[PDB]
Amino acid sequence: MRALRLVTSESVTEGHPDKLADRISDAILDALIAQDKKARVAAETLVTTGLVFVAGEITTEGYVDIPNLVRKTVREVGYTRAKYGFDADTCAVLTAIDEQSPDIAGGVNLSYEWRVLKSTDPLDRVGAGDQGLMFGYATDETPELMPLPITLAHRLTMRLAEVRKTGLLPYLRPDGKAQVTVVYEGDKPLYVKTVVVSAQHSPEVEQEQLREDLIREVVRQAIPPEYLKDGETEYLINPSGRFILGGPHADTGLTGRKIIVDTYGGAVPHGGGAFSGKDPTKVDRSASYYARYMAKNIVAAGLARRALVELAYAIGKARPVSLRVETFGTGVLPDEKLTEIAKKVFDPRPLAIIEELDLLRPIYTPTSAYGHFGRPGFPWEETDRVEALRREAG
């Protein structure tokens, strides 16, 4: 129980090509929802040398100027000069989007329980567009109720971005990676064994001002003091040689290729779905959000120390084929009872999720980097079902 295990998780900055594609997809989604709140979006972004390629499907009654939005989006993460390896003013923007206003195409189609079963229930009205598997997780290791490794990695990359943006370390460029290996004595994290920060930078800086500055201004700020131990914690700063060129020129970036960074950083299983570029009617996003919501409410209410909520949807069906609650020996009550408690407290049907979390708003661009979970100001991070859960449990 006191045994020692090494647990590793990682994050990338907003300037990473994969994350840049995610941000582009979600920026598109946000603009569309800003003009039309029932807009249906599946936007995929490919990012590569000299090029942004946006493809996918859109159903809306608004119009967004996509190329300008894309260039705007590329500018926000910092690719504004050619020397950085990518430049919003001079790169090509390619569009292959099937855009339909809902008069053409159709409205969202009828669920199985409406069409084959003949249900009059209005919350049954929207079925899952696709087959899906979703996992939500919460644990009291951290104040945000998140696993610590992904939390620390996210803080590292987030801070790495902010020291660049505020001008404190102006030699920094957008691309970046951070990795954290934490020592766990059973379920309790003790300290960080290894921190790795890879930061894109101008050749003006040399490795030792780079290392000292990143350790002092990024690592020690981003990682709580208790977990950093001098002489035992190993700090690796750009261990791969120098990192002058980064972003799209170096590598091809795609929407939905950072789904573990997006979620729990390898602490728990994942269902395979990607978040960005998808409107809330895609259960891949909304049901995962709802799963995080359920798990976080369950843990915050004191019914568990660790909770994993699994949702699964059959295509065309509003109601989940499976709902499960897992407490790895941490539950106040048996897991099955916790499961039924959850079934009565929560409503995992798509329309119900959308209404309960108020998902039809342009709120998704900030999720595009640094994780969808563990951050304040998101609907699925509000623990407002605590007392309902506590009363149902007793």
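Counting begins at 1, following the sequence as shown.
Visitor: Mean Cα B factor from the PDB record: higher for 249-257, or higher for 102-110?
Guide: For C-alpha atoms only, the mean B-factor is higher in 102-110.
Visitor: Between 262-270 and 299-307, name whichever shows the higher mean Cα B factor according to the PDB entry.
Guide: Taking the mean B-factor of the alpha carbons in each, 299-307 is higher.
Visitor: Which has the highest CA B-factor per the PDB entry: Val219, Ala287, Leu236, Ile244?
Guide: Highest C-alpha B-factor among the listed residues goes to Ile244.
Visitor: Just grab whichever of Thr181, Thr139, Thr90, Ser119 has the top CA B-factor as deposited.
Guide: Result of the comparison over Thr181, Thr139, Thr90, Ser119: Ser119.
Visitor: Splitting the chain's C-alpha B-factors into thirds, which one does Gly56 fall into?
Guide: Its C-alpha B-factor, which the entry lists for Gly56, ranks in the middle third among residues of this chain.
Visitor: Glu226's Cα B-factor: lowest, middle or highest third of the chain?
Guide: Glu226: CA B-factor falls in the middle third of its chain.
Visitor: In terms of the chain's CA B-factor thirds, is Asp26 lowest, middle or highest?
Guide: It belongs to the lowest third of the chain when residues are ordered by C-alpha B-factor.
Visitor: Within this chain, which third does the Cα B-factor at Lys83 fall in: lowest, middle or highest?
Guide: For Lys83, the deposited C-alpha B-factor lands in the highest third.
Visitor: Rank-wise, by C-alpha B-factor, drop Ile150 into the lowest, middle or highest third of its chain.
Guide: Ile150: CA B-factor falls in the lowest third of its chain.
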